[PDB]
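Below: one structure, written as structure tokens.
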Amino acid sequence: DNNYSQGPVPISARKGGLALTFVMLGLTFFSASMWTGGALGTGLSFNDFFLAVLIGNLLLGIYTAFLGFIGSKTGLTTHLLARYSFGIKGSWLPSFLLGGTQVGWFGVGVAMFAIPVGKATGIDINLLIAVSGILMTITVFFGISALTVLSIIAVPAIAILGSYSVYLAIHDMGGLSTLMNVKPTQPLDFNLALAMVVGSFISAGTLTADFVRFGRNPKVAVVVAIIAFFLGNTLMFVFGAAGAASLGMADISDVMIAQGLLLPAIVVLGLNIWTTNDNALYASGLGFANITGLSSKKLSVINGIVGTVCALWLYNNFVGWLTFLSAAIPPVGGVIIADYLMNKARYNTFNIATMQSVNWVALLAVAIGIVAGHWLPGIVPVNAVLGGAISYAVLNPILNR
Ligand SMILES: CCCCCCCCCCCCO[C@@H]1O[C@H](CO)[C@@H](O[C@H]2O[C@H](CO)[C@@H](O)[C@H](O)[C@H]2O)[C@H](O)[C@H]1O
Ligand SMILES: Nc1ccnc(=O)[nH]1
Ligand code: NA
């Protein structure tokens, strides 16, 4: 397997911070973060917005730097990392939930491209799905190299064309002064808002090691996560709020259409989805490879076929389902981190032989974290991450050995 799905990335295949910075910005530069940014924008004061977006994405940035640090220290995908805490076969459970929801998001994302475009152009929505997902599936066959190519192309155009569009929109609106006078008629609960920020990428963010395992230097992995999730996801949130405030449209590609920038709009839509969806498919192949021992390349292509032929169905009904399953993903992150923090020395080698088949305490910890998210007050994802990590740190030394 060229994606090294079954063991540590060897020294000659490692990559530098530049490629991994763009790959990860390619993940967060995504329309759904713009949409959520418009919700936060219309439901919060100008100060509350930047406080919620900055606090939330910094929490995201710290959570993902840990995972990226561990991914890079070891050269292991999230799924191989999970073998330490969940067991060799126990990890199939996180791997399927993480991988499956990403196949979900991929199909969703194919529809997010083909639907606006076929409406704007009259072209058959079905035909566009076929062509979009097929193109996106072919590129994932070529692995971390393809993700590097797409995002070093996509990310500059999105940041720069998108930023210019934000500038126009605040200018034509009366400038910053007008923007900071807009008032929500029904302000959003601040803690709900934090959950929406963190919740925009905690699922893909829990698979950070699948990409930054390629980094030679663990400290650089921390920089990648912060640049991508603190700075990058914030920028996407600002795009969405600016578009909501100036025009009632939270996707910057709707703003550009409003401004007569039709070609920038379609290009920015296609580039932001293609990068996020390729990451999704890539990580899902790694995840299903941990389960089946098959080539992650082959599985990624299979995942893209299924995701394409089911795109609309996933866009419609299965989004509430995709959000539901995903509630088990944050605790899985806290367990992995906590197990590394507790048992660093264990991670010195990738040694199948000292590993468990299944650690029931890991599964028990995930359930507890889910309960902590559903009951405890505060920020649901943070409570759900800390639920799994704290209860694992308590019960694993006791009930495992
Ligand atoms: C040849 C040119 C073709 C280019 C056509 C492509 C441009 C289309 C851009 C995306 C298509 C529509 O995108 C649409 O944006 C609105 C923003 O109000 C999103 O709405 C979103 O923002 C609101 C707040 O505004 C949030 O409460 C919520 O998270 C979400 O529903 C819609 O969920 C999405 O359907
Ligand atoms: N593929 C994804 C899109 C949006 N958010 C995620 O967490 N993952
Ligand atoms: Na993207």
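Starting from 1, each residue takes its place in the sequence as its number.
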Just wondering, are more than 12 heavy atoms of other shown residues or ligands nearer than 6.0 Å to CD1 in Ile398? yes
Set out, in order, the CA-CA distance, both residues' side-chain angles and the distance that settles side chain to side chain contact (heavy atoms under 4.5 Å, CB included) for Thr308 and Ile129, then state yes or no. CA-CA 6 Å; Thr308 303; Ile129 294 167; 3.6 Å; yes
Taking side chain as C-beta onward, heavy atoms only, is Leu81 less than 4.5 Å from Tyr340? no
As a quick check of understanding, evaluate side chain to side chain contact (heavy atoms under 4.5 Å, CB included) for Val366 and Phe86, giving each step before the final call. CA-CA 10 Å; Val366 168; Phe86 290 73; 3.7 Å; yes
Distance-only donor-acceptor check, side chains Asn351 and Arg346, under 3.5 Å: no
Return yes when atom CZ of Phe190 has more than 12 non-hydrogen atoms of other residues, nucleotides or ligands closer than 6.0 Å, and no otherwise. yes
Does the plane of the ring in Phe30 sit parallel, tilted or perpendicular to the ring in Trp105? Use 30° and 60° as the thresholds. perpendicular
Residue pairs meeting side chain to side chain donor-acceptor pair (under 3.5 Å), one or both in residues 145-167, sequence neighbours left out, come to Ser165-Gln259
Judged by atom type as modelled, is there a donor-acceptor pair below 3.5 Å linking the side chain of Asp339 to the main-chain atoms of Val335? no
Just by modelled atom types, is the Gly99 backbone N or O under 3.5 Å from a matching donor or acceptor in the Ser284 side chain? no
Would you call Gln356 and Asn400 a side-chain contact if the rule is heavy atoms closer than 4.5 Å? yes
Just by distance, do the side chain of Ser72 and the backbone of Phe69 share a donor-acceptor pair under 3.5 Å? no
Straight-line distance of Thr323 OG1 to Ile329 CD1, nearest 0.5 Å: 10.5 Å
Give a yes or no answer on whether the side chain of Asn277 reaches the backbone of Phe106 with a donor-acceptor pair at less than 3.5 Å. yes
Would you check, one step at a time, whether the test side chain to side chain contact (heavy atoms under 4.5 Å, CB included) holds for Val108 with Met112? CA-CA 6 Å; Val108 160; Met112 329 202 320; 3.9 Å; yes
I'd like to know if the side chain of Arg213 reaches the main chain of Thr77, judged simply by a donor and an acceptor atom lying under 3.5 Å from each other, with no hydrogens or angles considered. no
Could you label the plane-to-plane angle of the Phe214 and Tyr282 rings as parallel, tilted or perpendicular, counting under 30° as parallel and over 60° as perpendicular? tilted
So which heavy atom on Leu60 is nearest to which on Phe229, and how close? CD1-CD2, 4.1 Å
Got a second to check how far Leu363's CG is from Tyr392's OH, nearest 0.5 Å? 10.0 Å
Between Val380 and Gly373, the two heavy atoms sitting closest are CG2-O, 3.5 Å
Pairwise distance CZ(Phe288) to CG(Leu98) - rounded to 0.5 angstrom: 10.0 Å
Do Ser91 and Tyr84 have side-chain N/O donor and acceptor atoms under 3.5 Å apart? no
Quick one: do the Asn233 and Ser33 side chains pair a donor with an acceptor below 3.5 Å? yes
Measuring from atom CZ of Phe49 to atom CG of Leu44, what distance do you get when rounded to the nearest 0.5 angstrom? 8.0 Å
For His79 and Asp210, test the side chains for any donor-to-acceptor distance below 3.5 angstrom and give the result as yes or no. yes
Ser295 and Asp1: side-chain hydrogen bond (donor to acceptor under 3.5 Å, both in side chains), yes or no, with the steps? CA-CA 5 Å; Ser295 154; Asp1 193 345; 4.6 Å; no
Between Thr276 (side chain only) and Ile273 (backbone N and O only), is there a donor and an acceptor less than 3.5 Å apart? no
Nearest heavy-atom contact between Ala52 and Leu40 is CB-CD1, 4.2 Å
Say whether, by atom type as modelled, one donor and one acceptor occur between the side chain of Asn272 and the main chain of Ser31 under 3.5 angstrom. yes
Sequence neighbours excluded, the answer for salt bridge (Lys or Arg N to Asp or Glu O under 4.0 Å) partners of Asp251 is none
Answer yes or no: is there a donor N or O on one side and an acceptor on the other, between the side chain of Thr28 and the main chain of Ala228, under 3.5 Å? yes
Any heavy-atom pair between the side chains of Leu269 and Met256 that's under 4.5 Å? no
Kindly give the heavy-atom pair with the smallest separation between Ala241 and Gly41, and that separation in Å. CB-CA, 4.0 Å
Could you tell me if the side chain of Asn290 sits less than 4.5 Å from the side chain of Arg83, heavy atoms only? yes
Please round to the nearest 0.5 Å and tell me the distance separating atom CZ of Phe22 and atom CG of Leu18. 5.5 Å
pair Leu312-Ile115: side-chain heavy atoms closer than 4.5 Å: yes
Going by distance alone, is a donor N or O of one side chain under 3.5 Å from an acceptor N or O of the other, for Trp321 and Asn317? no
Mark yes when over 12 heavy atoms from residues, nucleotides or ligands other than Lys297 sit less than 6.0 Å from its NZ; otherwise mark no. yes
Could you walk me through whether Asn191 and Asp189 pass side-chain hydrogen bond (donor to acceptor under 3.5 Å, both in side chains), step by step? CA-CA 6 Å; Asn191 275 343; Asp189 193 88; 4.7 Å; no
4.5 Å side-chain heavy-atom contact, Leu281 and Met136: no
Above 12 or not: heavy atoms from other molecules or residues under 6.0 Å from CZ of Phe46? yes
Are the side chain of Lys15 and the backbone N or O of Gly215 linked by a donor-acceptor pair below 3.5 Å? no
Hey, what do you get for CG (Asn359) to CD1 (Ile88), rounding to the nearest 0.5 Å? 12.0 Å
Identify the two heavy atoms, one from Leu188 and one from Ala193, that lie closest to each other, and give their separation to 0.1 Å. CD2-CB, 3.8 Å
Is any side-chain heavy atom of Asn303 closer than 4.5 Å to one of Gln102? no
Assess the residue pair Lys73 and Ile70 against the criterion (side chain to side chain contact (heavy atoms under 4.5 Å, CB included)); give the C-alpha distance rounded to whole Å, side-chain angles, the decisive distance to 0.1 Å, and a yes or no. CA-CA 5 Å; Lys73 199 82 171 115; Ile70 300 158; 5.6 Å; no
Mind checking whether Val385 and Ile202 have side chains closer than 4.5 Å, heavy atoms only? yes
Minimum-distance pair of heavy atoms, taken over all atoms of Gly118 and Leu128: N-CD1, 3.3 Å
